Structure formats: structure tokens, C-alpha cells
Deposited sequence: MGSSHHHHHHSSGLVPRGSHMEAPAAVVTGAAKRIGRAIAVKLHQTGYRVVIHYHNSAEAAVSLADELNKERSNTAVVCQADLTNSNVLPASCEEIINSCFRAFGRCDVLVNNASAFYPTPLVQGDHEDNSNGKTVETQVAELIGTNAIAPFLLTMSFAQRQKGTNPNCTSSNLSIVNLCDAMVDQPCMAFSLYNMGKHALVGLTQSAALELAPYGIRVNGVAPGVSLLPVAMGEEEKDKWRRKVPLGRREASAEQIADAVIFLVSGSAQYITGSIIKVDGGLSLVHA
């Protein structure tokens, strides 16, 4: 009787915070992960301790390939196998690294950056829709998509395609009662790899508070979009960026 959600890349960081807050709201969750098996299992353990049989894990690589459609079908199928329904998909998983235009193969970079950020969402969307009373999809977009980081072409291309998907799917799935929306963080949890001085450089650019968003702040916007308070919203992308996208060079 409790609705169920799939969250991709949910073992750590923003996707973990989304899975936790959906579970706190009443959802049963599928915690998708690729490499972070220990974190995924530990989160499912923590959730199930709170309410038994309310969390499962599902491992998959969301790089594009000729098997990606089956992997995405398997993710959605894992939700139906565990819970008998699938009410919400959150497309959160994402690869991010530089792809300079001027001096892994480039075809691997294309498969990873465009696959994870764009093609996997599209196939997860297809599978979600095909397998189908408050259904909705939330794509994690990027508030800085029109002011991109230099040398991040392929990532930027994938995030723009994800906006395209959010709009196209919102239009096509509306007659089935499925809403499709986005949440677009600016700087939220910074990369684990990034040094302290660079982290502080980013934090100082943010108008509202000179700090990054917490993962929970991003999750809060996802919660709103899946809620009954958003039943007329589809095709919308909510920036959660403390004003960063409004700041000129």
C-alpha cells in the first residue's frame, strides 16, 4: 500500500539524501548503485531497520552500450519485483569529468557522460512508462548548464539533453498521468577530489549565504515535485542554486 520509488546513484551524497527523505515520506525505495556496493547495502540496512522490507539495492552500470536498455528495464523491474509497483523514478546518477576539445577513448567518454546523464534517463523513462495515482519522474539537471565549466563539453551536452528529455517526456507522458520535472542544483556537495581552496572559491560565489547547498536542500525540492502539492506541475525545472546562476562573470 506504500508507494515505491527508484533512485539512481543513491548510495552516497545527493542520491542518498533523496532516498532517505523519500523513505521518511512513506516510500519504499530501490537504491541503485554502480560501484558503491558497501554504501548501498549499508543504507538499505539502515532503512529496513526503520521499517522492514522497505528498501532493496540494484546494481547497474548506466554507461551507454547495446545492453543499456536491458539494464534500465532491470532497474525498473527490480522495483516491481520487490514492491509490486513503481510510483516515482529519480534520475540522479551522473558521470562528470573534463573532455577538452583540444589536445579512456573518446567513444568511452561519450558512452559514460552521455549515457549516464541522458540516455540512461531516457531508457529508464521508457521502462517506467511501459510498466505502468501520483506517478512522477524527477531528473537531476544542472543550474549552470548555460554558463558551463570550460572543457566539460560532453557533460554539458548530456545535461542539456536531459532538459530536452524532461520537456519531451512531460508532454508525451501527461495523458498517462505521469509528471516529469527537474531539479537543477548549482553548487551542492563539492567533488571529494577537489582541494579546499577550490571548494572555498566556489562557495564564495554563491549569493545566498556564500555556501554550497546541503544534499538535504536538494532532496527537499525533489520531495515537493513528487508530492500532492505539485500535481499540476510538469515539464518544470526548479533551480536550487542560492542565486549562483544569476551572477555575471
Just jot down which stretches of the deposited chain sequence have no CA coordinates, in the order they come.
1-21, 125-133, 163-171
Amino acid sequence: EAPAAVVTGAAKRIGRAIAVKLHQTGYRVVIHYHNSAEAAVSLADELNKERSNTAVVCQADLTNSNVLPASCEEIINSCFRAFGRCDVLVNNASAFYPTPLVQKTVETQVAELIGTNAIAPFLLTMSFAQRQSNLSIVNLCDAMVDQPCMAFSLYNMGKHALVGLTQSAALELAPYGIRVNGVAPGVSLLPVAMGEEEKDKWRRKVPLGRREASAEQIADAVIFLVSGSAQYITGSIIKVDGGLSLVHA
From here on, numbers count along this sequence of modelled residues.
I'd like to know whether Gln167, which is modelled here, goes unmodelled in a third or more of the other compared entries that cover its flanking residues.
no
Thinking of the other compared PDB entries, is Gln103 one of those residues unmodelled in at least a third of them?
yes
Stretch with higher mean Cα temperature factor, 186-194 vs 37-45, is 186-194
Averaging the C-alpha temperature factors as deposited, the higher value of 123-131 versus 158-166 falls on 123-131
Entry record, C-alpha B-factors for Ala118, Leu140, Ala143, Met150; the maximum is at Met150
Third of the chain, ranked by Cα B-factor, where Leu246 sits:
middle
Compare the C-alpha B factor of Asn91 with those of the other modelled residues in its chain, then answer lowest, middle or highest third.
lowest
Determine, from the deposited record, the chain-internal third of the Cα B-factor for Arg28: lowest, middle or highest.
middle
Split into thirds by Cα B-factor across the chain's modelled residues, where does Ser65 land: lowest, middle or highest?
middle
Binned into thirds over the chain's modelled residues, the C-alpha B-factor of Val110 lands in the lowest
